[PDB]
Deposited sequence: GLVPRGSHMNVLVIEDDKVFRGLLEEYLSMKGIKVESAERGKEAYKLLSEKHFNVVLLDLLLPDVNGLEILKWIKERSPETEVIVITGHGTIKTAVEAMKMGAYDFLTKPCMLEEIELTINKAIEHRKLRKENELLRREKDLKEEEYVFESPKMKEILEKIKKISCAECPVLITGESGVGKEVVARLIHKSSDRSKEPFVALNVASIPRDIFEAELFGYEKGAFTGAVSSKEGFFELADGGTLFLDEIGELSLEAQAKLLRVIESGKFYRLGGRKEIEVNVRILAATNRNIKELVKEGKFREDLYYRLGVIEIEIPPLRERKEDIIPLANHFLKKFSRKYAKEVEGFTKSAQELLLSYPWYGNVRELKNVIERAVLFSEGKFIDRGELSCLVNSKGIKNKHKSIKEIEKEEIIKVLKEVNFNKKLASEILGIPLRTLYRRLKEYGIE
């Protein structure tokens, strides 16, 4: 209901009735919202075509226009615009129709002032949530194309297609420096919850204590106020745990319960929490050994590992090396405003013959350095020999 001082939410009030229109403009204005109004549909069409509005209050009983037609027009051209429709006490079902057509809520005319305020409040709130929701998602989408032409990565793609199971966990393994998050995303994209969020957690970059608190949440004590876990927040979606080797035994036990029952408790809590989260797990480690050393639960390992995607190292996928290296060269050449356009023939042969024990991470790091110190259009073998 309340907007930040430094925000410019634009609201249009379309209402032929002077008194009611005034009430609407007054409250919106009291709330620091930028308000404009129209008395007629024709006037509204013009305003809407020349200025974008974030929320619209729409009378469905205008004198010279059919309100639903404005709603329909707004939603096909500007679905980002939230519409609250204003109806009479007589016509309720027209309000229902409006909802079907994409309206957010409705106001019955007349009503109590408090009803108006509350309706407007929740409409403003809704817009802000949708805006921020879209912002954060698109910020993510921009931070992620995968280049893998090798036959082994292609067959991995084929294996991913074969996964028809919706909730079954998947384990993704590979040497240190091998990218496993790309594969996890591909699984998510092909899954039946592809339109639900995908959350990546780097288990190895967050200290344990804070990680378990973040993952499962906690209740007051053990630590001032309640904090829901990523598991609760990821309900309906997919949670990718980058390095499960870094889970404490206690976290592993909770994880298995989530996978098998969907029910668990926050840290030091007594409230059952119930979620449906699809687990994708990765590790650059030997879990089989960790189990034998008592550092990892056998039952969790079996559960995660039923479906396992083994990503082979770069040296076993030599077809991917040049495409990756060229991608990184292009990326960093632009970042650092360098002239370099490619690798010499001699340089490429060196890239292909090097084992890349660090795999893609090492490759990326080597190229970034080469690009940083490059001169002219090419990186030659000598510039890599030092590095690799």
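In sequence order, the deposited residues that have no C-alpha coordinates form the ranges 145, 224 to 226, 393 to 447.
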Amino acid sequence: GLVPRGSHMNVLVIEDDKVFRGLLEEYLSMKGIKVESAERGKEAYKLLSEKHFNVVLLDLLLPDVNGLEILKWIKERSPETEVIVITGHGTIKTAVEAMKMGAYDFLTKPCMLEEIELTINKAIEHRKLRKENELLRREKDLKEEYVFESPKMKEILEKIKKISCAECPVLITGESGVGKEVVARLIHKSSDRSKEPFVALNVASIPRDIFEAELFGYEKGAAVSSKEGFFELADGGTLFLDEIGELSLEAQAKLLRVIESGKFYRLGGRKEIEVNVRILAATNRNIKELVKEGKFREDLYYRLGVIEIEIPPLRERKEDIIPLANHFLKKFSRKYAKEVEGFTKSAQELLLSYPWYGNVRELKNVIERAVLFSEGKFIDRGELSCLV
From here on, numbers count along this sequence of modelled residues.
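Between 294 to 302 and 238 to 246, it is 294 to 302 that carries the larger average Cα temperature factor according to the deposited entry.
Stretches 340 to 348 and 63 to 71 differ in mean CA B factor, with 63 to 71 having the higher one. Out of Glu310, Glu117, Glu97, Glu134, it is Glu97 whose C-alpha atom has the highest B-factor in the PDB entry. Looking at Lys288, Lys128, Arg278, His188, the one whose CA carries the top B-factor in the deposited record is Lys288. For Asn121, the recorded CA temperature factor ranks within the lowest third of the chain's modelled residues.
Among all modelled residues in its chain, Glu39 ranks in the highest third by Cα B-factor.
Split the chain's modelled residues into thirds by C-alpha temperature factor. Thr81 is in the lowest one.
Among all modelled residues in this chain, the alpha-carbon of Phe148 has a temperature factor (C-alpha) in the highest third. In this PDB entry, the Cα temperature factor of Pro169 sits in the bottom third of its chain's modelled residues, the lowest group.
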